[PDB]
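A short worksheet on the structure shown next.
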Amino acid sequence: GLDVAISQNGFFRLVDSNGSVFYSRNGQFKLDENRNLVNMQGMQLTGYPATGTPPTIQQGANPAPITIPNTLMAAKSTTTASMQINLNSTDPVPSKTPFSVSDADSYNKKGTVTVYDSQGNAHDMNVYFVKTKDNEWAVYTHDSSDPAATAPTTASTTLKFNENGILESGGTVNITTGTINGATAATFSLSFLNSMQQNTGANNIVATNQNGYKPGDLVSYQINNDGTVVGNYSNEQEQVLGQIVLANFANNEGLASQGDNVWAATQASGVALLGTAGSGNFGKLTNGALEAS
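If you're matching positions, the sequence shown starts at 71 in the deposited numbering and goes up one per residue.
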(Lines of atoms letter the chains of each structure in order from A; the text may use other names.)
(Lines give C-alpha, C1' and ligand atoms only; values in the text may rest on other atoms or scores of the structure.)
Protein backbone atom coordinates (compact mmCIF):
# COMPACT_ATOMS: atom_id res chain seq x y z
CA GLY A 71 0.00 0.00 0.00
CA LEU A 72 1.64 3.19 -1.31
CA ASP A 73 0.70 6.72 -0.25
CA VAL A 74 1.60 9.69 -2.41
CA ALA A 75 -1.44 12.03 -2.03
CA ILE A 76 -1.20 15.63 -3.37
CA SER A 77 -1.79 18.81 -1.22
CA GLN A 78 -0.80 20.79 -4.32
CA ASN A 79 -2.28 21.38 -7.76
CA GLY A 80 -2.00 18.71 -10.35
CA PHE A 81 -4.06 15.57 -10.49
CA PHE A 82 -3.01 11.98 -10.96
CA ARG A 83 -4.37 10.60 -14.25
CA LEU A 84 -6.19 7.28 -13.98
CA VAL A 85 -8.02 4.92 -16.36
CA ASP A 86 -10.73 2.34 -15.79
CA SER A 87 -10.42 -1.09 -17.46
CA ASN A 88 -12.32 0.29 -20.49
CA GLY A 89 -9.74 3.10 -21.02
CA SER A 90 -11.92 5.99 -19.86
CA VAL A 91 -9.75 8.64 -18.24
CA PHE A 92 -10.24 10.15 -14.78
CA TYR A 93 -8.28 12.44 -12.45
CA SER A 94 -7.71 12.53 -8.68
CA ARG A 95 -5.42 14.01 -6.03
CA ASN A 96 -5.91 10.89 -3.83
CA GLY A 97 -2.60 9.08 -3.79
CA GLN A 98 -3.52 5.77 -2.15
CA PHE A 99 -2.40 2.94 -4.43
CA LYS A 100 -2.07 -0.81 -4.12
CA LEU A 101 -0.11 -3.06 -6.50
CA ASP A 102 -2.67 -5.55 -7.83
CA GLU A 103 -2.26 -8.98 -9.50
CA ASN A 104 -2.20 -7.37 -12.95
CA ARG A 105 0.87 -5.41 -11.61
CA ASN A 106 -0.88 -2.04 -11.93
CA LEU A 107 -1.10 0.63 -9.21
CA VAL A 108 -4.78 0.98 -8.46
CA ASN A 109 -6.99 3.21 -6.35
CA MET A 110 -9.77 1.83 -4.13
CA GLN A 111 -12.17 1.65 -7.14
CA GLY A 112 -9.62 -0.33 -9.18
CA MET A 113 -8.72 2.49 -11.56
CA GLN A 114 -5.18 2.29 -12.86
CA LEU A 115 -2.59 5.01 -12.32
CA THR A 116 -1.04 6.10 -15.62
CA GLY A 117 2.26 7.49 -16.79
CA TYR A 118 4.95 7.26 -19.44
CA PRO A 119 6.32 3.79 -20.10
CA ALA A 120 9.99 2.92 -19.99
CA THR A 121 11.69 1.64 -23.16
CA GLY A 122 15.12 0.47 -24.34
CA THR A 123 18.09 -1.21 -22.66
CA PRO A 124 18.87 0.26 -20.35
CA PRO A 125 15.19 1.24 -19.96
CA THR A 126 14.61 5.07 -19.99
CA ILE A 127 11.61 7.51 -20.10
CA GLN A 128 11.17 9.42 -23.43
CA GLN A 129 9.57 12.92 -23.93
CA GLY A 130 7.44 11.47 -26.83
CA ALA A 131 5.34 8.96 -24.89
CA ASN A 132 1.65 8.23 -24.53
CA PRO A 133 0.54 7.75 -20.92
CA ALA A 134 -0.45 4.21 -20.18
CA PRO A 135 -1.18 2.16 -17.01
CA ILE A 136 1.95 2.00 -14.86
CA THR A 137 3.23 -1.57 -14.52
CA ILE A 138 5.60 -2.90 -11.89
CA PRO A 139 6.41 -6.33 -13.34
CA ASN A 140 6.80 -8.32 -12.01
CA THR A 141 8.74 -10.93 -14.04
CA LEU A 142 11.89 -12.45 -12.50
CA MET A 143 15.41 -11.91 -13.67
CA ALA A 144 17.90 -14.61 -14.59
CA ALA A 145 20.96 -15.90 -12.78
CA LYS A 146 24.38 -14.48 -13.01
CA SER A 147 27.61 -16.44 -13.47
CA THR A 148 30.49 -14.78 -11.69
CA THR A 149 33.01 -12.98 -13.94
CA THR A 150 34.93 -10.97 -11.33
CA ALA A 151 36.05 -11.65 -7.82
CA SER A 152 38.47 -10.00 -5.41
CA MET A 153 40.31 -10.85 -2.20
CA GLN A 154 42.27 -8.23 -0.25
CA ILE A 155 44.78 -9.82 2.11
CA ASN A 156 47.39 -8.51 4.55
CA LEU A 157 50.33 -10.90 4.59
CA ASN A 158 53.01 -11.04 7.30
CA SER A 159 56.56 -10.47 6.03
CA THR A 160 57.94 -12.36 9.06
CA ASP A 161 55.99 -15.54 8.24
CA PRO A 162 57.92 -18.77 7.79
CA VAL A 163 58.27 -20.65 4.57
CA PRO A 164 56.37 -23.86 5.41
CA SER A 165 58.74 -26.81 5.89
CA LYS A 166 56.05 -29.38 5.14
CA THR A 167 55.97 -30.14 1.41
CA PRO A 168 54.30 -30.53 -0.86
CA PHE A 169 51.44 -28.06 -0.65
CA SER A 170 48.20 -29.93 0.07
CA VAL A 171 44.74 -28.57 0.79
CA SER A 172 44.54 -31.31 3.51
CA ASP A 173 47.84 -30.51 5.34
CA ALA A 174 47.32 -27.35 7.45
CA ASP A 175 51.03 -26.79 7.98
CA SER A 176 51.81 -26.85 4.24
CA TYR A 177 50.40 -23.34 3.68
CA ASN A 178 50.42 -19.92 5.42
CA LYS A 179 46.77 -18.87 5.04
CA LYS A 180 43.48 -20.08 3.55
CA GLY A 181 40.54 -17.95 2.48
CA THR A 182 37.25 -18.56 0.71
CA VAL A 183 35.08 -16.81 -1.84
CA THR A 184 31.78 -18.23 -3.03
CA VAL A 185 31.08 -17.70 -6.72
CA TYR A 186 28.15 -18.79 -8.92
CA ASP A 187 27.79 -20.49 -12.33
CA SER A 188 25.02 -19.70 -14.92
CA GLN A 189 22.68 -22.21 -13.30
CA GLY A 190 23.25 -20.46 -9.97
CA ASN A 191 25.05 -23.26 -8.16
CA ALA A 192 27.45 -22.01 -5.49
CA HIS A 193 31.08 -22.94 -5.79
CA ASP A 194 33.11 -22.41 -2.61
CA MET A 195 36.50 -21.40 -4.00
CA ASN A 196 39.33 -21.98 -1.54
CA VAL A 197 42.43 -19.81 -1.94
CA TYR A 198 45.72 -20.83 -0.33
CA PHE A 199 48.77 -18.63 0.22
CA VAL A 200 52.20 -20.27 0.50
CA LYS A 201 55.23 -18.10 1.13
CA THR A 202 57.94 -19.32 -1.28
CA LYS A 203 60.73 -16.88 -0.33
CA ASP A 204 61.14 -13.25 0.77
CA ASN A 205 58.29 -11.10 -0.61
CA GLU A 206 56.75 -13.84 -2.82
CA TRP A 207 53.65 -15.90 -2.14
CA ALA A 208 52.29 -18.67 -4.31
CA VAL A 209 48.53 -18.83 -4.59
CA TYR A 210 46.59 -22.03 -5.13
CA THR A 211 42.89 -22.25 -5.87
CA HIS A 212 40.41 -25.13 -5.66
CA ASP A 213 36.68 -25.56 -6.12
CA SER A 214 35.75 -27.29 -2.85
CA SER A 215 32.22 -27.77 -4.14
CA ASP A 216 33.26 -30.16 -7.02
CA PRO A 217 34.33 -33.72 -5.93
CA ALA A 218 35.82 -34.44 -9.39
CA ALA A 219 38.18 -31.43 -9.31
CA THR A 220 41.91 -32.31 -9.39
CA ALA A 221 43.91 -31.29 -6.33
CA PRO A 222 45.92 -28.12 -6.99
CA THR A 223 49.60 -28.96 -7.48
CA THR A 224 50.54 -25.87 -9.50
CA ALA A 225 49.94 -22.25 -8.37
CA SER A 226 47.33 -20.13 -10.09
CA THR A 227 49.45 -17.07 -9.50
CA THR A 228 52.35 -15.74 -7.47
CA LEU A 229 52.05 -12.48 -5.52
CA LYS A 230 55.27 -10.42 -5.49
CA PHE A 231 55.53 -7.46 -3.16
CA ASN A 232 58.09 -4.67 -3.31
CA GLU A 233 60.30 -3.40 -0.46
CA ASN A 234 57.44 -1.27 0.87
CA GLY A 235 55.02 -4.22 0.90
CA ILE A 236 52.96 -2.96 -2.04
CA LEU A 237 51.71 -5.49 -4.60
CA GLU A 238 53.98 -5.27 -7.65
CA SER A 239 52.88 -8.25 -9.80
CA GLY A 240 50.70 -11.40 -10.03
CA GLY A 241 47.59 -9.64 -8.68
CA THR A 242 45.15 -10.66 -11.43
CA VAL A 243 44.46 -14.21 -12.63
CA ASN A 244 41.63 -15.94 -14.52
CA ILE A 245 40.10 -18.86 -12.60
CA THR A 246 37.78 -21.55 -13.96
CA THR A 247 35.61 -23.39 -11.42
CA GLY A 248 34.67 -27.04 -11.46
CA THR A 249 31.20 -28.23 -12.50
CA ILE A 250 28.18 -29.08 -10.35
CA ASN A 251 25.16 -31.24 -11.29
CA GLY A 252 25.93 -31.09 -15.02
CA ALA A 253 26.11 -27.29 -15.22
CA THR A 254 28.82 -25.31 -16.98
CA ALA A 255 31.69 -23.81 -14.92
CA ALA A 256 32.15 -20.13 -14.04
CA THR A 257 35.19 -18.30 -15.43
CA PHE A 258 36.21 -15.15 -13.59
CA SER A 259 39.06 -12.70 -13.06
CA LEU A 260 40.33 -12.92 -9.47
CA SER A 261 42.00 -9.70 -8.26
CA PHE A 262 44.22 -9.25 -5.19
CA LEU A 263 44.19 -5.44 -5.56
CA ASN A 264 45.05 -3.57 -2.34
CA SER A 265 46.66 -6.65 -0.77
CA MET A 266 49.82 -5.75 1.11
CA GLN A 267 52.72 -7.36 2.95
CA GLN A 268 52.98 -5.85 6.39
CA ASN A 269 56.34 -5.64 8.16
CA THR A 270 54.67 -7.44 11.09
CA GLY A 271 51.23 -8.87 11.72
CA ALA A 272 49.12 -11.95 11.21
CA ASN A 273 47.90 -13.13 7.83
CA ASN A 274 44.38 -11.78 7.51
CA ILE A 275 41.76 -11.36 4.79
CA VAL A 276 40.21 -7.89 5.06
CA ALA A 277 37.70 -8.10 2.20
CA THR A 278 36.28 -10.29 -0.54
CA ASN A 279 33.81 -9.57 -3.34
CA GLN A 280 32.33 -11.15 -6.46
CA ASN A 281 29.63 -10.14 -8.98
CA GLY A 282 27.53 -13.29 -9.43
CA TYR A 283 24.36 -14.46 -7.73
CA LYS A 284 21.56 -17.04 -7.69
CA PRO A 285 18.13 -16.45 -9.23
CA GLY A 286 17.13 -14.74 -6.00
CA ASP A 287 14.20 -12.74 -4.61
CA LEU A 288 14.76 -8.97 -4.13
CA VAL A 289 13.64 -5.83 -2.28
CA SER A 290 11.71 -2.33 -2.57
CA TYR A 291 10.20 0.19 -4.98
CA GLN A 292 9.89 3.92 -4.80
CA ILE A 293 8.28 6.99 -6.27
CA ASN A 294 10.80 9.82 -6.64
CA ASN A 295 9.81 13.51 -6.36
CA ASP A 296 9.61 13.83 -10.19
CA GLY A 297 7.21 10.86 -10.20
CA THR A 298 9.69 8.34 -11.61
CA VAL A 299 8.97 4.86 -10.31
CA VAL A 300 12.06 2.71 -9.60
CA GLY A 301 12.55 -0.89 -8.45
CA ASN A 302 15.46 -1.82 -6.20
CA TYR A 303 16.85 -5.35 -6.55
CA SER A 304 18.89 -7.76 -4.48
CA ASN A 305 21.76 -7.67 -6.99
CA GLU A 306 22.39 -4.03 -5.92
CA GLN A 307 20.96 -2.76 -9.20
CA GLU A 308 17.88 -0.69 -10.01
CA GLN A 309 15.38 -0.48 -12.89
CA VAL A 310 13.13 2.40 -13.90
CA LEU A 311 9.55 1.10 -14.15
CA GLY A 312 7.59 4.16 -15.31
CA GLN A 313 6.91 7.81 -14.53
CA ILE A 314 3.69 9.19 -13.10
CA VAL A 315 2.05 11.92 -15.20
CA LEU A 316 0.36 15.00 -13.90
CA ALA A 317 -2.46 16.94 -15.58
CA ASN A 318 -3.59 20.54 -15.47
CA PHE A 319 -6.72 22.21 -16.88
CA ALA A 320 -7.39 25.78 -18.15
CA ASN A 321 -10.53 25.80 -16.01
CA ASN A 322 -10.56 23.54 -12.93
CA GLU A 323 -13.99 24.97 -12.00
CA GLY A 324 -15.30 23.21 -15.14
CA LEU A 325 -14.32 19.68 -14.04
CA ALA A 326 -17.19 17.23 -13.31
CA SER A 327 -17.07 15.88 -9.76
CA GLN A 328 -17.31 12.07 -9.74
CA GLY A 329 -17.49 11.82 -6.00
CA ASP A 330 -14.76 11.38 -3.56
CA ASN A 331 -12.11 13.84 -4.76
CA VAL A 332 -12.15 12.35 -8.31
CA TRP A 333 -12.93 14.42 -11.42
CA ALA A 334 -13.68 14.05 -15.16
CA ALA A 335 -12.73 16.51 -17.92
CA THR A 336 -15.55 18.35 -19.67
CA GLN A 337 -15.97 20.87 -22.47
CA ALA A 338 -16.03 23.53 -19.77
CA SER A 339 -12.68 22.53 -18.18
CA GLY A 340 -10.84 22.01 -21.41
CA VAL A 341 -8.67 19.04 -22.30
CA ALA A 342 -6.08 17.77 -19.83
CA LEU A 343 -2.61 19.10 -20.53
CA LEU A 344 -0.07 16.58 -19.32
CA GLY A 345 3.47 16.79 -17.90
CA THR A 346 5.67 15.60 -15.02
CA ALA A 347 6.33 16.73 -11.47
CA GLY A 348 9.36 19.02 -11.32
CA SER A 349 9.12 20.22 -14.93
CA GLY A 350 7.18 22.88 -16.83
CA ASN A 351 3.80 23.52 -15.29
CA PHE A 352 4.34 21.23 -12.32
CA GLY A 353 6.40 21.44 -9.20
CA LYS A 354 7.84 18.35 -7.59
CA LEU A 355 5.89 15.86 -5.52
CA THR A 356 6.19 16.94 -1.89
CA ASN A 357 8.30 13.87 -1.18
CA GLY A 358 7.64 10.60 -2.94
CA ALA A 359 7.44 7.19 -1.30
CA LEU A 360 9.43 4.09 -0.57
CA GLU A 361 7.93 0.62 0.05
CA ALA A 362 9.42 -2.78 0.76
CA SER A 363 8.20 -5.73 -1.33
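Quick reminder that beta carbons are idealized off the backbone N, C-alpha and C, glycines included.
Please tell me whether residue i has its Cβ less than 8 Å away from any Cβ of chain B.
i, result
"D216", "Within the model displayed, chain B is absent; a lone protein chain is all it includes."
Quick one: give me the first and last residue of the beta strand (DSSP E) that residue i is part of.
i, result
"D194", "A192 to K203"
"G301", "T298 to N302"
"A75", "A75 -> no beta strand (DSSP E), and no H or E assigned at all."
"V185", "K179 to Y186"
"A218", "Element bounds for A218: n/a, residue is neither H nor E."
"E206", "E206 to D213"
"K100", "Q98 to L101"
"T123", "Where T123 is concerned, there is no enclosing beta strand (DSSP E), given that its DSSP letter is neither H nor E."
"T228", "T227 to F231"
"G345", "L343 to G345"
"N244", "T242 to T246"
"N279", "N274 to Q280"
"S239", "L237 to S239"
"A144", "Run containing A144: none; DSSP gives neither H nor E here."
"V332", "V332 to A334"
Report the partner residues of residue i according to the DSSP bridge assignment.
i, result
"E361", "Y291"
"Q267", "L157"
"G117", "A134 and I314"
"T150", "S259"
"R83", "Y93"
"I250", "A253"
"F352", "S349"
"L107", "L101"
"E308", "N302"
"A174", "Bridge partners of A174: none, in fact."
Output needed for residue i: all residues of its chain with C-beta closer than 7 Å, excluding positions within five of it in sequence on either side, in chain order.
i, result
"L101", "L107 and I138"
"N178", "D161, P164, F199, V200, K201 and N273"
"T116", "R83, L84, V85, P133, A134, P135, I136 and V315"
"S77", "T356"
"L360", "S290 and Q292"
"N158", "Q268, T270, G271, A272 and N273"
"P119", "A131, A134 and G312"
I need the straight-line Cα distance from residue i to residue j, nearest angstrom please.
i, j, result
"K354", "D73", "15 Å"
"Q114", "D187", "40 Å"
"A145", "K284", "5 Å"
"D86", "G190", "41 Å"
"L263", "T227", "13 Å"
"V243", "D287", "31 Å"
"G89", "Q313", "18 Å"
"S261", "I236", "14 Å"
"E238", "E206", "10 Å"
"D330", "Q337", "21 Å"
"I155", "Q280", "15 Å"
"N321", "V300", "33 Å"
Note down, in chain order, each residue of its chain lying with its Cβ closer than 6 Å to the Cβ of residue i, except the 5 sequence neighbours on either side.
i, result
"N140", "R105"
"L325", "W333 and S339"
"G80", "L316 and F352"
"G71", "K100"
"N294", "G358"
Leaving out five residues before and five after residue i in sequence, what residues of the same chain have Cβ atoms less than 8 Å from its Cβ?
i, result
"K166", "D173, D175 and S176"
"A253", "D187, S188, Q189 and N191"
"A362", "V289 and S290"
"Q328", "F92 and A334"
Let me check you understand the geometry: is the CB of residue i closer than 7 Å to at least one non-hydrogen atom of the ligand PLP?
i, result
"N281", "Summarising the ligand content, the structure contains no ligands, and the ligand PLP is consequently not present."
Check whether the segment 206–223 touches the segment 247–258, taking contact to mean three or more Cβ pairs, one atom from each stretch, closer than 8 Å. yes
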